[PDB]
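**Student:** I have a structure here, written as C-alpha cells, and I will follow up with some questions on it.
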Amino acid sequence: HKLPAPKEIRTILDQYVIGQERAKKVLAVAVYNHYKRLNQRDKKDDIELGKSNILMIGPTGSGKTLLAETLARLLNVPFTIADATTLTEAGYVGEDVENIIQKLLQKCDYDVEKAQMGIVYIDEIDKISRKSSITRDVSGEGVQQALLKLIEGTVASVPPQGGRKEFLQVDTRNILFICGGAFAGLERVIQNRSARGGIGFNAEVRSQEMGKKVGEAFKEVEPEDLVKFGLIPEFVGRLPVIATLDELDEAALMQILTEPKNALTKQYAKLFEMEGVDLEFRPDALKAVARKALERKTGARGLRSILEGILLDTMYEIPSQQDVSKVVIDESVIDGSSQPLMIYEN
Amino acid sequence: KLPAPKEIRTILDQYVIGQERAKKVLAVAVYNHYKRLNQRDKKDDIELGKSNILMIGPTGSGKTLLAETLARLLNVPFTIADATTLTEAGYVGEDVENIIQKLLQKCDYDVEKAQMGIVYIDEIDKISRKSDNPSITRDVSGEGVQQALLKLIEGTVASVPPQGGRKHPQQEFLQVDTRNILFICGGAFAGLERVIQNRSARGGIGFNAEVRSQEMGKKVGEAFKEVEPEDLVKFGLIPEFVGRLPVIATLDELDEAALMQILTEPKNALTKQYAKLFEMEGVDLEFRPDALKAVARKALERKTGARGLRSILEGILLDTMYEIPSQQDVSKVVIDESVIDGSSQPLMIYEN
Ligand SMILES: Nc1ncnc2c1ncn2[C@@H]1O[C@H](COP(=O)(O)OP(=O)(O)OP(=O)(O)O)[C@@H](O)[C@H]1O
Ligand SMILES: Nc1ncnc2c1ncn2[C@@H]1O[C@H](COP(=O)(O)OP(=O)(O)OP(=O)(O)O)[C@@H](O)[C@H]1O
Ligand SMILES: [Mg+2]
Ligand SMILES: [Mg+2]
C-alpha cells in the first residue's frame, strides 16, 4: 500500500540534482516497481519476479554518485554504494566480489530477510572493462565474469559477522544491482560504428570529430558499443536497462549554483558568515563562472576550483580583518578586471 | 515409477521454447540415472560408470532456465553452483568438494543420498587456460580448477566438511564417493565459434584457398552443433577433462518465431510478468499480435539472447509506466505495433 508516487521520488531528487531527466525517471520507475516485486512476492502465479538491472552511462560531474546517496536517504530497504577497483576474482588478494553483499548485511543488522530486499550501486563499473587476454585480467575481464553470475542471481556463503580468530548462505535472486560508470571513449565508439569514413572517391568522407558533440551521443549507445569498450557480451546482457545522462548546459550550471539544497554557494556563505562577512554575489557574476566551467570540461567539480581562486585572496585577508561586514561579487570580479570588492563597514 | 523421458521433455517444453536437442539429451540422462541409482546393487552389474554430459549454448539460450525448471521435477538432490568463484590451485579459496557440500544441505548430510545427487557446474569457459601452455604466474582460477575437478568427474572419495567446524578438530567428516554423482557441466563458450571455424576452413591466401569471412554470428548457434574434442583443447580445456565428459550436447540460436512464443507461451512469460506488475495497481495491460512480433525483430538485432527481450520491453514503456500509476481513471492501456515503431505512444484509454 506504500506506493511512493514516481513524482514524489523524482521531486525529492530534484531538490539536489538540477537537470537530469532520464536518470531520475528510470531509477524512480525502478524504485516504484521494485517495491511492488517484494510487496506482491506471494504465490499468485507471479513468482519469477524477473529483475532488470539498471545502468548509468555518461560523463563526469553528471551526478552519477550524488543520486545514490540521496536515493539511500529516501530508501527504506538496505542500500550500499560499492567500488569496482577493489574487487577481483578469487585466488588474488584483491577483494571478493561476494563481499559486496556482506557490506549490505552489516547496515541491515545481518537481517538476511531484509538483506535479500536491498539495492546496490556499483560505481566506476567502466574501470573493469577489458582491453580489446595474454594474461589474466584480475581487475578487468576477470571481475566481470565473477560478477556475471551474481547479476543473474545465485546463492553464496557471505561471511558471518564476527572475527572468529557456519558460513550462512544468502540468495541473490531478488537483489537488484545498478552499475554506473564514467565510461571514457564510448562517444568515439558509437561514432565509428555509425559512420567511419574511408579514403576514396566513391566513399563517404566524414571528420574524425563528429560535429564536436559529446552530450546527447550516449543516447545512441547499443550493446555492441559496450562490447567494443571491453565489457563481456554476457555481462552487457545481464544489465537489460540502459540509461544516459547529458553532459551539461549553460542554464543547468547557473541553476546548480543556487537551486540545490546543499549548493556550493551555501558552504562558502556559511564559512564567510562565521568569519563575520555577508557573502553575496550577482546574477551575471554567477553566469560568468558557469562559462569558465564549460571551458574546463571538468564537470560540476570545475565550478568549485574557479570560486576558490577568485576568493583565495579574500579568504586570506578577511580572517585577520575585523571590519568588513559584506563581500559582494560582480561579473567584473569573475572576469578579473577588478579585485574582490568589500564594504569596510562595522 | 521412473517418469518416461517424453514426460520430462514436455514438462520443460512449457517454459523452454526450441531446445529440443538439449531437452532430449537431458531426458535420457535423468532417465538412465534413476535406473542406475535404482539398480545399483549386485545384479550382474559391476560399476555401470556414469556418463557426464556437456552443454554449450549462446547467451540467453536458456541453459540456466533449464536447470531450475529441471530441479523442480527431480526427485533426487540437485544443486546449482558456479565455477567462476572456484579457484582451486592449492593456494587460496573454495575447494572443489564444497560444491557437493551445497548438495549435502539438500540431502541433510545423507551420505547415501549425496551419491544420488546431481550437479550443475556451469561457466566452464572461465577456467579455460588463456593459451593452454602456462608460461608465467601459474593460474589459480584456470588450469587448477580443471586438474582438481578431473578427479571428481572420474570419481574419488570426498572429505566434505560436516555442519560446523568448531565442535571438534574433525567432527566426523562425511565420506561420499563421487563416482556415482552424475555431473552436468553447461557453459556458454564465448569464442568457440571462431575456433571451430578454423578447423572448417583453414583460410590461407591464394587462388586455391578457402578464405573465410570475418563475421560468423549468423552461424553462431550452428557452430556449437559442429563442436569436436579437438576444438575444446584449443580453447584451453585440458584434454583429460574433455574425456571425462563423453557426451557433448549443444543448444541452437534463437528465431523470430521462438521469441514471439516465449513472450506469452511460458507460465511466467515476460508479457505476463509485465501485465502482472501493471495489474497490481489495477490497470489492465494488453498488447496486439503485431506489437509482440515487433519486439522479436529488435531482439535479434541486439545479439543479447532472450535477455534482450526484457530490455526492449523496458524502453517501450518507460514514460507511461512513470505516469500510469499516478494517472488514475485508466481502465486499460492497449499496445500496438506502432508503439514499437516509435511513432505512436501507449494507447491510454483514460476512461472509466
Ligand atoms: N546535476 C547536478 N546538480 C548538482 N550538482 C551536481 C550535479 N551533477 C554533479 N554535481 C556535483 O558533482 C559532485 C559529485 O560528482 P559525481 O560523483 O556525480 O561525479 P561522477 O559522475 O560520479 O564521476 P565518476 O563517475 O568519475 O565518479 C557533487 O559535489 C555535486 O554537487
Ligand atoms: N529457450 C528459452 N525459452 C524461454 N526463455 C528463455 C530461453 N532462453 C533464455 N530464456 C530467458 O532468458 C533468461 C536468462 O537466460 P539464461 O541465463 O538461461 O541464459 P544463459 O544460457 O545462462 O546465458 P549465460 O550462459 O551466458 O549466462 C531467463 O530468465 C529465461 O527466461
Ligand atoms: Mg562518482
Ligand atoms: Mg548461463
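By order of appearance in the C-alpha cells: chains A, B, ..., then residues from 1 within every chain, and ligands from 1 in the order shown.
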Show me which bits of chain B are within 7 Å of chain A, counting only C-alpha atoms, as a list in words.
**Tutor:** residues 59, 84, 85, 87, 92, 93, 130, 140, 141, 164, 268, 273, 276, 302, 304, 307, 308, 310, 311, 314, 322 and 326 of chain B
**Student:** For ligand 2, list the contacting residues at 9 Å or closer, counting only C-alpha atoms and all ligand atoms, as a PDB file with C-alpha atoms, in the first residue's frame.
**Tutor:**
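The result, written out as result_17.pdb:
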ATOM      1  CA  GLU A  48       9.579 -15.405 -11.103  1.00  0.00           C
ATOM      2  CA  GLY A  50      12.296 -11.095 -13.111  1.00  0.00           C
ATOM      3  CA  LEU A 148      28.349 -12.133 -14.182  1.00  0.00           C
ATOM      4  CA  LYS A 149      26.604 -14.939 -12.291  1.00  0.00           C
ATOM      5  CA  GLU A 152      21.819 -13.094 -12.896  1.00  0.00           C
ATOM      6  CA  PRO A 233      28.885  -9.657 -24.138  1.00  0.00           C
ATOM      7  CA  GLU A 234      27.291 -11.827 -21.442  1.00  0.00           C
ATOM      8  CA  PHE A 235      27.665  -9.009 -18.900  1.00  0.00           C
ATOM      9  CA  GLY A 237      23.160  -8.648 -21.494  1.00  0.00           C
ATOM     10  CA  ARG A 238      22.941  -9.199 -17.735  1.00  0.00           C
TER      11      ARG A 238
ATOM     12  CA  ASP B  13       8.777 -27.526 -23.034  1.00  0.00           C
ATOM     13  CA  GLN B  14       6.221 -25.471 -21.069  1.00  0.00           C
ATOM     14  CA  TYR B  15       8.986 -22.889 -20.468  1.00  0.00           C
ATOM     15  CA  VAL B  16      11.868 -23.630 -22.853  1.00  0.00           C
ATOM     16  CA  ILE B  17      10.979 -22.825 -26.482  1.00  0.00           C
ATOM     17  CA  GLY B  18      13.234 -24.517 -29.062  1.00  0.00           C
ATOM     18  CA  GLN B  19      15.835 -26.523 -27.088  1.00  0.00           C
ATOM     19  CA  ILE B  56      27.348 -25.373 -24.926  1.00  0.00           C
ATOM     20  CA  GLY B  57      24.861 -22.659 -25.885  1.00  0.00           C
ATOM     21  CA  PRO B  58      24.873 -18.962 -26.878  1.00  0.00           C
ATOM     22  CA  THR B  59      23.950 -16.165 -24.481  1.00  0.00           C
ATOM     23  CA  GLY B  60      20.355 -16.201 -23.258  1.00  0.00           C
ATOM     24  CA  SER B  61      19.832 -19.706 -24.659  1.00  0.00           C
ATOM     25  CA  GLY B  62      18.040 -20.974 -21.528  1.00  0.00           C
ATOM     26  CA  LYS B  63      20.941 -23.053 -20.141  1.00  0.00           C
ATOM     27  CA  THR B  64      20.204 -21.639 -16.684  1.00  0.00           C
ATOM     28  CA  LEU B  65      16.410 -21.738 -17.154  1.00  0.00           C
ATOM     29  CA  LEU B  66      16.501 -25.485 -17.841  1.00  0.00           C
ATOM     30  CA  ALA B  67      18.326 -26.430 -14.627  1.00  0.00           C
ATOM     31  CA  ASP B 122      28.259 -24.123 -15.259  1.00  0.00           C
ATOM     32  CA  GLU B 123      30.583 -21.427 -16.654  1.00  0.00           C
ATOM     33  CA  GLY B 186      26.950 -26.428 -19.097  1.00  0.00           C
ATOM     34  CA  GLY B 187      28.886 -23.298 -20.042  1.00  0.00           C
ATOM     35  CA  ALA B 188      28.462 -20.522 -22.594  1.00  0.00           C
ATOM     36  CA  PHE B 189      31.672 -20.854 -24.618  1.00  0.00           C
ATOM     37  CA  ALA B 190      32.212 -17.316 -25.939  1.00  0.00           C
ATOM     38  CA  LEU B 251      21.992 -25.531 -27.971  1.00  0.00           C
ATOM     39  CA  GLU B 253      20.419 -19.881 -31.520  1.00  0.00           C
ATOM     40  CA  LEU B 254      17.012 -18.161 -31.359  1.00  0.00           C
ATOM     41  CA  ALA B 258      10.693 -18.593 -30.927  1.00  0.00           C
ATOM     42  CA  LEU B 259      10.875 -15.137 -29.331  1.00  0.00           C
ATOM     43  CA  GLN B 261       6.251 -17.703 -28.266  1.00  0.00           C
ATOM     44  CA  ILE B 262       8.485 -17.010 -25.241  1.00  0.00           C
ATOM     45  CA  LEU B 263       6.807 -13.608 -24.856  1.00  0.00           C
ATOM     46  CA  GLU B 265       3.621 -19.065 -24.059  1.00  0.00           C
ATOM     47  CA  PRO B 266       5.520 -19.684 -20.751  1.00  0.00           C
ATOM     48  CA  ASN B 268       5.602 -16.517 -16.214  1.00  0.00           C
ATOM     49  CA  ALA B 269       6.216 -15.168 -19.730  1.00  0.00           C
ATOM     50  CA  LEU B 270       7.677 -11.637 -19.833  1.00  0.00           C
ATOM     51  CA  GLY B 305      19.744 -13.700 -26.468  1.00  0.00           C
ATOM     52  CA  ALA B 306      16.446 -13.799 -24.623  1.00  0.00           C
ATOM     53  CA  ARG B 307      17.724 -11.214 -22.118  1.00  0.00           C
ATOM     54  CA  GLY B 308      17.472  -8.570 -24.848  1.00  0.00           C
ATOM     55  CA  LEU B 309      13.701  -9.144 -24.894  1.00  0.00           C
ATOM     56  CA  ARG B 310      13.257  -7.728 -21.368  1.00  0.00           C
TER      57      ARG B 310
END
**Student:** Could you name the residues that touch region 254-266 of chain A at 6 Å or less, counting only C-alpha atoms, but leaving out those on the same chain fewer than 3 positions away, as number ranges by chain?
**Tutor:** A: 15-16, 18, 251, 269-270, 287
**Student:** Ranking A:159, A:299, A:140, A:63 by minimum distance to ligand 3 and counting only C-alpha atoms and all ligand atoms, which one comes first?
**Tutor:**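 Once distances to ligand 3 are computed over only C-alpha atoms and all ligand atoms, the minimum belongs to A:63.
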**Student:** Set the cut-off to 7 Å, count only C-alpha atoms and all ligand atoms, and list whatever residues fall near ligand 1 as a PDB file with C-alpha atoms, in the first residue's frame.
**Tutor:**
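Contents of the output file part.pdb:
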ATOM      1  CA  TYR A  16      19.582  18.295  -5.029  1.00  0.00           C
ATOM      2  CA  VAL A  17      20.023  17.198  -8.661  1.00  0.00           C
ATOM      3  CA  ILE A  18      19.333  20.063 -11.093  1.00  0.00           C
ATOM      4  CA  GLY A  19      18.986  18.993 -14.743  1.00  0.00           C
ATOM      5  CA  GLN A  20      18.866  15.210 -15.116  1.00  0.00           C
ATOM      6  CA  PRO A  59      30.421  11.857 -18.342  1.00  0.00           C
ATOM      7  CA  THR A  60      31.911  13.234 -15.131  1.00  0.00           C
ATOM      8  CA  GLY A  61      30.182  15.798 -12.943  1.00  0.00           C
ATOM      9  CA  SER A  62      26.812  14.432 -14.102  1.00  0.00           C
ATOM     10  CA  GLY A  63      25.667  13.468 -10.592  1.00  0.00           C
ATOM     11  CA  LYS A  64      26.066   9.717 -11.093  1.00  0.00           C
ATOM     12  CA  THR A  65      27.122   9.232  -7.459  1.00  0.00           C
ATOM     13  CA  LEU A  66      25.068  12.095  -5.980  1.00  0.00           C
ATOM     14  CA  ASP A 123      30.178   2.804  -9.179  1.00  0.00           C
ATOM     15  CA  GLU A 124      33.146   3.033 -11.572  1.00  0.00           C
ATOM     16  CA  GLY A 181      30.434   4.385 -14.577  1.00  0.00           C
ATOM     17  CA  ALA A 182      32.081   7.355 -16.277  1.00  0.00           C
ATOM     18  CA  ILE A 256      23.123  24.391  -9.844  1.00  0.00           C
ATOM     19  CA  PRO A 260      20.336  22.648  -4.963  1.00  0.00           C
ATOM     20  CA  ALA A 263      24.814  24.059  -3.111  1.00  0.00           C
ATOM     21  CA  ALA A 300      30.419  20.327 -11.760  1.00  0.00           C
ATOM     22  CA  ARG A 301      33.756  19.919  -9.935  1.00  0.00           C
TER      23      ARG A 301
END
